[PDB]
Amino acid sequence: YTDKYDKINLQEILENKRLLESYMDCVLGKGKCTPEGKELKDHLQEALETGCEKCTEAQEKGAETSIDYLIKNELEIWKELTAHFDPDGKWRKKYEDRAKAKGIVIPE
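- Solution NMR is the method the PDB entry lists for this structure.

## Considering the environment of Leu44
No. 1: Relative to the helices and strands, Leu44 resides in helix 3 (residues 35-48).
No. 2: Of the residues examined, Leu44 reaches a relative accessible area of 6% and is grouped as buried.
No. 3: C-alpha of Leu44 to C-alpha of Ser22: the two residues are 22 residues apart in sequence and 17 Å apart in space.
No. 4: Once residues lying within four places of it in the same chain are set aside, the contact partners of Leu44 are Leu10, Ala58, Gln59, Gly62, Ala63 and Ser66.

## A closer look at the packing of helix 4 (residues 57-72) against helix 6 (residues 92-102)
Axes are the key here: two packed helices are described by the angle between their axes and the distance separating the axes.
No. 1: Relative to each other, helix 4 and helix 6 sit at 95°, their axes nearing to 11 Å. Our classification of the angle between helix 4 and helix 6 gives roughly perpendicular. Judged by residue contacts, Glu64, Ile67 and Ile71 of helix 4 engage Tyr95, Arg98, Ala99 and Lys102 from helix 6.
No. 2: Of the residues in the contact of helix 4 with helix 6, the class split is four nonpolar, no polar and three charged.

Reading the values: rules and limits
Residues numbered from 1 in each chain as written, not as in the entry; some residues may be left out. Heavy atoms only, no water. Helix = DSSP H or I, 4+ residues; strand = E, 2+ residues; numbered from the N terminus. Buried < 20%, exposed > 50% of the residue type's maximum accessible area, 1.4 Å probe, protein only. Contact = heavy atoms within 4.5 Å. Axes fitted to C-alpha atoms, helices over the stretch in contact; angles between N-to-C directions. Parallel < 35°, antiparallel > 145°, perpendicular 65-115°, else oblique. Nonpolar A, V, L, I, M, F, W, Y, C, P; charged D, E, K, R; others polar.

Right, here's the structure in full:
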């Protein structure tokens, strides 16, 4: 039911920036989405980058998941989150930590 845009979608959307545009109302405020869905996604996609990875269990599991598809497919989107949180690119090393300690294929 809420497999996309609405709610229980994280990775099924994160999988393609076009699908991001689908739950993008949740994240940025654009199209259509559900309030409860927005809350879960906001905290979680936050945990993905410079937000709070070590927050809740939902956020930590979610961070892992979202860090995975974003860095491995949707790199420009990542840069937008970067520009939103730390546009200085300071915590690139925490990104480094997050990605390469979990086993996300990034080059070093």
